[PDB]
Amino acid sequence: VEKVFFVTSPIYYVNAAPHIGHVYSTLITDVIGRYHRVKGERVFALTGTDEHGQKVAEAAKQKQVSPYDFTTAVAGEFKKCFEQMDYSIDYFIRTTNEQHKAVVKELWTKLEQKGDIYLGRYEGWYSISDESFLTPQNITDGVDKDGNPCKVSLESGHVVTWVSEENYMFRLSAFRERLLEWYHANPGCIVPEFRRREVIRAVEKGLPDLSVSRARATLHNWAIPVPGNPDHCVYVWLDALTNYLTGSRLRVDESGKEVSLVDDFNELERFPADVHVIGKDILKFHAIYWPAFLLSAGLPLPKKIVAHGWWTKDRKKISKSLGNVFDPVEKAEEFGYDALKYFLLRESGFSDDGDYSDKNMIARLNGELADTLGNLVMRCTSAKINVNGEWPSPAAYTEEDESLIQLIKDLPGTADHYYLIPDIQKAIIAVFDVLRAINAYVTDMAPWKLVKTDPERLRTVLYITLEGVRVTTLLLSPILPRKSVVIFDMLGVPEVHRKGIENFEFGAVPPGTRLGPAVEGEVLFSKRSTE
């Protein structure tokens, strides 16, 4: 099937200003989309905001302003933040969008007509902050913001409350066996593997039915009405998950503004998502509820769900009220946007709760970006080594030459597999392993000495170095989008050779190609002092 590669981030609650968790999730989405664009594929990358529900509505009341004005303002902050981060996201969806609401009502009606929605009751615990139903096994004792005894979620530590309401119920219990068949038939569909195992164990134990409506007063009338019953509102999570279907059906003009909702997802060739990027905190919604709704509705299921961990800073909880802030834009103005992105994607794998420190940020910037990648770009482009300012024509290759050439040739196959898992950390590590080998080769060959002693030998060494730098930079371009352009300009790599799988091949840029012009004193990544 040739189709548009469809990658998504979660749509974020607009109860508070955007922060590092949101930036991180949308970054992963952006990187995956960018890599598929360098491969020459059609891509639709989606992000946005989750704007209905009790959580958001009560955050608006706290601030003493209307939900409409509140959500519009905070969604504006998210848009601004993501523009400042310099992503290449194709659309920003808001659940208040009138076309999204039509799609939610459509899906509801499908579920209902399929016989999978009935009027029942939920009597049980609920976390307003997570908008999540919890069993007694998933709560424990704790303290509310008055320091009085209460119950809290074991998952998140937020205050839980007991709910007893006539609700419309979705027959989730009936989808157990189909969900299990799905997980087993597609053993790569949840990443990392231990989270896949977690999902399977939970579904094995049995699934209760799920409340998909609430009484309208509980939500302060800030939600989508249930079709044919204006006393009930659609569960914010059914509403929110539907953004993925809605986005797959929106024609967007070149300004990023939605102009049209198509009738059938096949028209845009996006649905279902090839990758849903999510945090570990929202796995059950995406890996259990969502596919069950899709099965009920007769819609295709997503191919992969990738669930990452949670950031700390200086080995502590990130929080402004606690006195540990981690502002991405502040760190990006200090160290660079591409470099901050590199660090966030290099420092932690999806299976870990990563940790930022200025010390370690500087160690990676200096060690990897400046000393490994940056040093090598400067060397192979300098007037001292590359006296003709061009790609030289190589002479005969030695066995050592070819050992390096083999690593460069193998790199795209390997990086590609890692990007497709997706495991961005391993793709980056694979690229830098090759950068390190190129460096060791350059040290070994000492091209500076060759400029006088063996000009013919220098041609070979310099050519291999340039081509290694080009290939590694190409595979890093999803991670370092701005810096890869600077590097390609320095190398004088023609535009046409900066994307497409044709250019993953060793030898794509011909000898005789002229380097770009030098700028006196320019440097790609500048080292920072240990502070």
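The first residue of the sequence shown is number 1, and the count goes up from there. Here the rigid core means the biggest group of C-alpha atoms that line up within 1.5 Å when the two forms are laid on top of each other.
Between 348 to 356 and 245 to 253, greater CA displacement relative to the shown form is found for 348 to 356 when the structures in 8 other deposited structures of this protein are fitted on the core. Greater C-alpha displacement in 8 other deposited structures of this protein (rigid core superposition, RMS over structures and residues), of 324 to 332 versus 118 to 126: 324 to 332. Checked against the other entries of this protein, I318 counts as unresolved in at least one third of those spanning it. Stretches 312 to 320 and 167 to 175 differ in mean CA B factor, with 312 to 320 having the higher one. When the mean C-alpha temperature factors of 150 to 158 and 276 to 284 are read from the deposited coordinates, 150 to 158 comes out higher. When the C-alpha B-factors of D423, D416, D253, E131 are ranked from the entry, the top spot goes to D253. Per the PDB record, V451 has a higher Cα B-factor than any other of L241, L407, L344, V451.
When the CA B factors of the chain's modelled residues are split into thirds, the value for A508 lands in the middle one. In the PDB entry, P10 places in the lowest third of its chain by CA B-factor.
When the modelled residues of the chain are ordered by their C-alpha B factor, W237 lands in the lowest third.
Remark: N266 belongs to the highest third of its chain, ranked by C-alpha B-factor as recorded. Annotation for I385: CA B-factor lies in the highest third of the chain's modelled residues.
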